[PDB]
Amino acid sequence: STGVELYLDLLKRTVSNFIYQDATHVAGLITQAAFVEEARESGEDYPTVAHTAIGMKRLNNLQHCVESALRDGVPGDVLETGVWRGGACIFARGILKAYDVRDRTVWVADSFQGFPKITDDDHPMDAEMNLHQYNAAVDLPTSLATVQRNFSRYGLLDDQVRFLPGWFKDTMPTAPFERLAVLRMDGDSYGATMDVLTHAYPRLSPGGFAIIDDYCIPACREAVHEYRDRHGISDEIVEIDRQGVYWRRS
Amino acid sequence: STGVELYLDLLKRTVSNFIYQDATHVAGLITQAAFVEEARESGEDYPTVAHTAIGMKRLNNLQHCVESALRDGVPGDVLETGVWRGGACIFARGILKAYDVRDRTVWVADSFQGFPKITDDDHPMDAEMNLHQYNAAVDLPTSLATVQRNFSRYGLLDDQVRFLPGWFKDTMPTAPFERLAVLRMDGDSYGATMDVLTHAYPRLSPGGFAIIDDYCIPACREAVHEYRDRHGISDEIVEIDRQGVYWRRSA
Ligand SMILES: CC[C@H]1OC(=O)/C=C/[C@H](C)[C@@H](O[C@@H]2O[C@H](C)C[C@H](N(C)C)[C@H]2O)[C@@H](C)C[C@@H](C)C(=O)/C=C/C=C/[C@@H]1CO[C@@H]1O[C@H](C)[C@@H](O)[C@@H](O)[C@H]1OC
Ligand SMILES: CC[C@H]1OC(=O)/C=C/[C@H](C)[C@@H](O[C@@H]2O[C@H](C)C[C@H](N(C)C)[C@H]2O)[C@@H](C)C[C@@H](C)C(=O)/C=C/C=C/[C@@H]1CO[C@@H]1O[C@H](C)[C@@H](O)[C@@H](O)[C@H]1OC
Ligand SMILES: Nc1ncnc2c1ncn2[C@@H]1O[C@H](CSCC[C@H](N)C(=O)O)[C@@H](O)[C@H]1O
Ligand SMILES: Nc1ncnc2c1ncn2[C@@H]1O[C@H](CSCC[C@H](N)C(=O)O)[C@@H](O)[C@H]1O
Ligand SMILES: [Mg+2]
Ligand SMILES: [Mg+2]
Ligand SMILES: [Mg+2]
Ligand SMILES: [Mg+2]
Ligand SMILES: [Mg+2]
């Protein structure tokens, strides 16, 4: 009902393309191209056009986490690791824009090349799963220039959006952010999840949020539990939908 | 900057599909399917997907007219005659929503089946132009159910949106609105333009806005001048882009 509420609601419907309802790619457990409302609502399909695949439930979660951090004065930036066409990061920048927040940045981290080719340095679960095999099938490889273009279409490409192009094992250890209020992990594999927990989670502020988009994937879950056990983290894992979970760092 | 400004800016980019940049139909003077920014900015193409064809310049004009009416206390509702997929009316309802206006309605008037077949009763300029020829080529026929569906996708289908299905010569004389603050005419022909000026313009409040979307079309322009001459209307005709004009009613 307020201007902010209307803007953020529309931005969610737009980045997920509930407006025009694009077909999905046929891959994984999706056997037909037709737009299905329930699949887009819960982020389960592979949009041919939409700027995010995370769906409405995970967009609502991202809004909750960012708004809570702002409300509670939790310091730091927003980082997404694994951005595809950029829609979740566009939405995050839009939240900051709606509240006229000028002192936080959205960090946009990706290979900008899709999933990595498997080698003998990969975890066996990642090697077996071989996510790389799906790159073309779901149009995953999306260049930095394309993602920048997408931000610009919403009027949200500015100096509060910064990009971290490369493999997370290479980009995360020396990424230039000092503090995070929201760490959103969407890289699917054991490797991508462990890379980012290892190298970015220590910069997550107390009261900040750690979102695991791909917790339904066994390899991803494996990394989450290994990392939490190592660090003695017992913060409640709260389920969002059939894919994602999050916790709030105590 | 403000939530309202951000919402309405996004709503314009969305109904015109600057976000996903759908191809155009190849028709009229548009010779290629590719999205062209300048063509969508000025409302010159025939979107395959977008909910409005009027473009950013005419969306900005609609915003200016509605906001001015609200600011100045001009009484009445908003009517668009010729809505296609509904996007300009969706945007109008969004403007009212952004300002929490609860006492005005957006009236959505169309045949919901494209241009009418020409008959012997048509003006000779309309007969020659024969807009009916283009219906399928640019996917013009769009049912009431489809337009309602489109409103719902934005969360804007509610009791402040009312529909007037049928030919304007049938629906306008007894349309139930009492007063208009904005009258947006987008029916292309002499006939549709004269139908709406004849039967809806008298309900346009002083200080209200009359928008002629299709003024570049000779038959439409003919109707505009005939009507203005008949009624002694000399309110300045202000050009928006390469298609549309508007005036503000002084009397
Ligand atoms: C198509 C791409 C996708 O691929 C699959 O969806 C693969 C699915 C396999 C076919 C599945 O196997 C089948 O299950 C059946 C129940 C039984 C079958 N049989 C034994 C006969 C068996 O063949 C699955 C369960 C295999 C397991 C290991 C799995 O969870 C894999 C995930 C892959 C995700 C990838 C990557 O998409 C990512 O996904 C996460 C969850 C999203 O947020 C998002 O980031 C998205 O990126 C855009
Ligand atoms: C394809 C549908 C469209 O068709 C045309 O765009 C036809 C164009 C003709 C080809 C044109 O002719 C050409 O001009 C050249 C200058 C010279 C050419 N040659 C002699 C060399 C001649 O061939 C035009 C100028 C003909 C004149 C009579 C005209 O203005 C017709 C309008 C028809 C509009 C219709 C209906 O679309 C409506 O359009 C108005 C302007 C929009 O807001 C919108 O509501 C839209 O609905 C969605
Ligand atoms: N090790 C790694 N390093 C960098 N990027 C990676 C990676 N493994 C996967 N990726 C990227 O992780 C993404 C997974 S899909 C991300 C979906 C996105 N958050 C949305 O809103 O739709 C892809 O863009 C892929 O290129
Ligand atoms: N005589 C008549 N009566 C009712 N509707 C008519 C008509 N002549 C044309 N129309 C309608 O006028 C419209 C012209 S195109 C309208 C474009 C629309 N305003 C937009 O925002 O894109 C079509 O939807 C067509 O069905
Ligand atoms: Mg090796
Ligand atoms: Mg690795
Ligand atoms: Mg994911
Ligand atoms: Mg007639
Ligand atoms: Mg027109």
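Using Swiss-Prot numbers, chain B covers 4-254, in order.
In case you wondered, yes, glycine gets a Cβ from its N, Cα and C as well.
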Site-mate of B:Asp216, B:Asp217 for Mg(2+) in Swiss-Prot, selected among B:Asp173, B:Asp189, B:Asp238, B:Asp244:
B:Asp189
From the binding-site residues listed here (B:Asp189, B:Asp216, B:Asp217), select those whose CB sits under 6 A from an atom of ligand 3.
none
CB within-chain contacts under 8 A for B:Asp217 (Mg(2+) binding site), separation at least 6
B:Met188, B:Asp189, B:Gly190, B:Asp191, B:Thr196, B:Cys223, B:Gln246, B:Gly247
Could you find out if DSSP has B:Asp216 (Mg(2+) binding site) as helix, strand or coil?
coil
Among the binding-site residues B:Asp189, B:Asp216, which residue has its Cβ surrounded by the fewest other Cβ atoms within 10 Å?
B:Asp189
Other residues, Cβ within 8 Å of B:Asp189, B:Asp216, B:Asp217 Cβ centroid (Mg(2+) site):
B:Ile57, B:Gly85, B:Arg187, B:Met188, B:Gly190, B:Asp191, B:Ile214, B:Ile215, B:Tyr218, B:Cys223, B:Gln246, B:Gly247
